[PDB]
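Look below for two forms of one protein chain, each set out as structure tokens: first structure 1, then structure 2.
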Structure 1
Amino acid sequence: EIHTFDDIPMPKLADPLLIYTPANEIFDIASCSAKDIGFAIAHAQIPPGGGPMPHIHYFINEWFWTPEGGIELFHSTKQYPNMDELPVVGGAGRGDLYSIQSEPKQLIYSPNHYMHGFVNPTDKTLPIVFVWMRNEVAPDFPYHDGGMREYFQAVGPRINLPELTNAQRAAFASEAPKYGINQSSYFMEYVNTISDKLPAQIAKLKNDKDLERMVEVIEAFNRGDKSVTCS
């Protein structure tokens, strides 16, 4: 009933890019591209209470992979195809979210336009892997990846951990639309309710085909295949 995945490997860069995101996530992140495909991927460590506020993507489709479970995710059934329409009380209207208590090696797929987010509600640091695949409408970015690696590089300090400033926290939200994200700045901004009863509409979301294409790209880079680029 619950979907799992054995492994999502990390593309191994000569000099790994390490970022501490303003949502308190320890990121090891890369961008890869090849014929007709572009994506960013992060292997992350999430401290007690770390995680992004609810947000919606316009340039990417996203996979979450929780090697140890424990991470609580949030997801809508409502889709928001219009980036110019924010889901706030002062207009388009806040949404309803459903929580997911992740299990070891669970794979959660979240297409563009869905509202999602996650938190570590435990007292220990937990691993998570994110894969952000460029969709068909994404503009080009320097790494051709849909824009997510450029986003985290732009608003998050390079990695004993550096310390987050108010400007960095406020920019995590204000800079987000340049990278095809509507990012709330506080938890209840885009949110009316949170429910622990998971709708079938959410539970059945799945796209193994593209993830496996991206895995082959990563493994190809790791084997030294010059026809792909990770960077």
Structure 2
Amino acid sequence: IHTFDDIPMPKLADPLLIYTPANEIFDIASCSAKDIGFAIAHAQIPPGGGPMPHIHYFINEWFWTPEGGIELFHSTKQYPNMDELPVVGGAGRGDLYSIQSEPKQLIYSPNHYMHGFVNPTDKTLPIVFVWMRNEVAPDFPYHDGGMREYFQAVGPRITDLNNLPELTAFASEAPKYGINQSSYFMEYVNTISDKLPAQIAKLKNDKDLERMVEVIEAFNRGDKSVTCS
């Protein structure tokens, strides 16, 4: 299995912490360098937490599970046409394959794959996910993938992690960000199989991740040629 040693978090003067109705905590940063734009969430995922199946059109994504435990779901089919939803009423629901993550495992998921994750354990677990802006849709406004704007719609800001705020979108807002997001687990899903296709297993893009880590570390060193916010 593929592992990665560390994905650091950009340290912002005022972090963006988002709390969701699923009681997840997202610590989010957006960064840019001359050649690259991305966003990163360092997340705490309670039992049952995690995103329902969804498909990205404007970013490629990495998931990194420092303690394993998190179960990810991933298709072998790609869904290159955002206008064709994988639902009963239209194109058809898809088949997903589960991944039981291991400590420091790195899961790369390119655009157009259907994926999600859940914490199926009885204890809260960490996960990091990284969105790198791809080459699609020059008119899309968010050069980092829009992670900060997207998540601001799905729950309140945490001004105190010691005193969490009350709760009141995850699905309905999504297409504005080039995401087809399901609102219930079985909306886009025909089957779930625990037999992992080798082709999913092999997906990797360490090169771009290493570049984003360089940017993050440069930012944290005070380097003014990159920015995170």
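If you superpose the two forms and keep the largest set of C-alpha atoms that fall within 1.5 Å, you have the rigid core. The first residue in the sequence of structure 1 is number 1, and each one after it adds one.
**Student:** Once you align the rigid core, which of 111, 81, 104, 139 turns out to move its Cα at least 2 Å between structure 1 and structure 2?
**Tutor:** The residue that shifts is 139.
**Student:** Take the rigid core as the frame of reference and indicate whether the C-alpha of residue 22 shifts by 2 Å or more between structure 1 and structure 2.
**Tutor:** Superposed on the core, residue 22 moves its C-alpha 2 Å or more between structure 1 and structure 2.
**Student:** How many Å does the Cα of residue 36 travel between structure 1 and structure 2 when the structures are matched on their rigid core?
**Tutor:** A shift of 1.9 Å at the C-alpha.
**Student:** Once the rigid core is superposed, tell me how far the Cα of residue 154 moves between structure 1 and structure 2, in Å to one decimal.
**Tutor:** C-alpha displacement of residue 154 between structure 1 and structure 2: 2.8 Å.
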